[PDB]
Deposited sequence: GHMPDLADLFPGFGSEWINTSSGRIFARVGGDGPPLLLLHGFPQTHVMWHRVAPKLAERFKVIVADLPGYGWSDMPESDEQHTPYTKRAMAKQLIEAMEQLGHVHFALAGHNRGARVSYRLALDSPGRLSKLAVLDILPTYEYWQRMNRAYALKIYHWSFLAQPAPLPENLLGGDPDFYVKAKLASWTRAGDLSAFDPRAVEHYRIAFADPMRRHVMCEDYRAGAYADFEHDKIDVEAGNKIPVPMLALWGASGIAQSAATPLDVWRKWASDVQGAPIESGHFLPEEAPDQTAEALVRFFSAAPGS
């Protein structure tokens, strides 16, 4: 497996919940980057060099993903809830001496991020969320057309071992089809092939697949309940926020109008891209982030 981060160090950070793997580079204000599904930390490899010119950049594998440890799950999927993930990443950042930091997330990693902002706003200087709406909003909008367009939220959330058994026959085919499907073009041309191999090797481990299923089960149950509490209470994130989305991404109204309901100081823009902003549109995504976190 390639090293996609020239001159970044490598840390395995202890926490009460298990080790977090990270690459660490640059210097300046601390910025944590969180990937999602079906990826690992390496999906930031096109933008991290540019960010490292201005920030101390911490590129972490989510709890249970990549080279991070995999806690045993439970009947409420607790360790793979976004609440739990956020707590674990807070601990990992305190191990580095970072109690107040900037954060950018994509997909599951973005969900961790906004949940962190709702639970522990004082931890964050600023927050960016890439190509997502809140988990509550994804579920609320559910109807036939959404159910058919993006099916995997309900599929992976089926009780174990249904999705795990289905995914075990030909895992490579599933992971690669997902990666291609969510890009602008519908192919793998956006991705460095060495990055694709990181994703494929992760996905090839049944223990890593089970984590991804627990993640989505959390996404259907507890994470959705946690979000519902907030929206019904009228709680908004006070941390300055950026919402960046792909014009051909996954996230009627614009994602910016959705986020205004969840955040009292939010800006946003689309980028011409599928879901995978940092790989499909690296220059633009890096520029948007640098500008936001520096301003």
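Chemist: From the N-terminus onward, what segments of the deposited sequence lack any C-alpha atom in this model?
Modeler: Gaps vs deposited seq, in order: 1 to 5, 257 to 258, 303 to 306.
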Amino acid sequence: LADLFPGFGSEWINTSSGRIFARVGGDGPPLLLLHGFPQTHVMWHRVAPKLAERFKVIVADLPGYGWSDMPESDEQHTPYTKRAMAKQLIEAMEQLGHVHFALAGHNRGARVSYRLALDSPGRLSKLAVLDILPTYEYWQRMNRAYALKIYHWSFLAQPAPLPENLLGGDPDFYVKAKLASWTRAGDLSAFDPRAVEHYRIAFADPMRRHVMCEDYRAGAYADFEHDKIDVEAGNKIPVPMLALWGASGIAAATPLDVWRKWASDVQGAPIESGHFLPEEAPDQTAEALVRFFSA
From here on, numbers count along this sequence of modelled residues.
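Chemist: If you average the CA temperature factors as listed in the entry, which stretch comes out higher, 143 to 151 or 213 to 221?
Modeler: Looking at the record's C-alpha B-factors, the answer is 143 to 151.
Chemist: Can you tell me which stretch has the higher mean Cα B-factor, 32 to 40 or 241 to 249?
Modeler: Per the deposited B-factors, the answer is 241 to 249.
Chemist: For the C-alpha B-factor as written in the entry, point me to the maximum among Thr81, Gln88, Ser73, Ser189.
Modeler: The listed residue with the largest C-alpha B-factor is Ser189.
Chemist: According to the Cα B-factor stored in this entry, which of the following is highest: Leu62, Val59, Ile229, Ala52?
Modeler: Highest CA B-factor of the listed options: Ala52.
Chemist: Give the position of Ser113 by CA B-factor within its chain, expressed as the lowest, middle or highest third.
Modeler: Bottom third by C-alpha B-factor.
Chemist: Going by the CA temperature factor in the PDB record, which third of the chain does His198 belong to: lowest, middle or highest?
Modeler: Lowest third of the chain for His198's C-alpha B-factor.
Chemist: When the modelled residues of the chain are sorted by Cα temperature factor, does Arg208 land in the lowest, middle or highest third?
Modeler: It belongs to the lowest third of the chain when residues are ordered by C-alpha B-factor.
Chemist: Mind checking which third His100 falls in for C-alpha B-factor across the chain?
Modeler: Ranked within chain, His100 CA B lands in the highest tercile.
Chemist: By its CA B factor, does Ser181 count among the lowest, middle or highest third of the modelled residues in the chain?
Modeler: Highest third.
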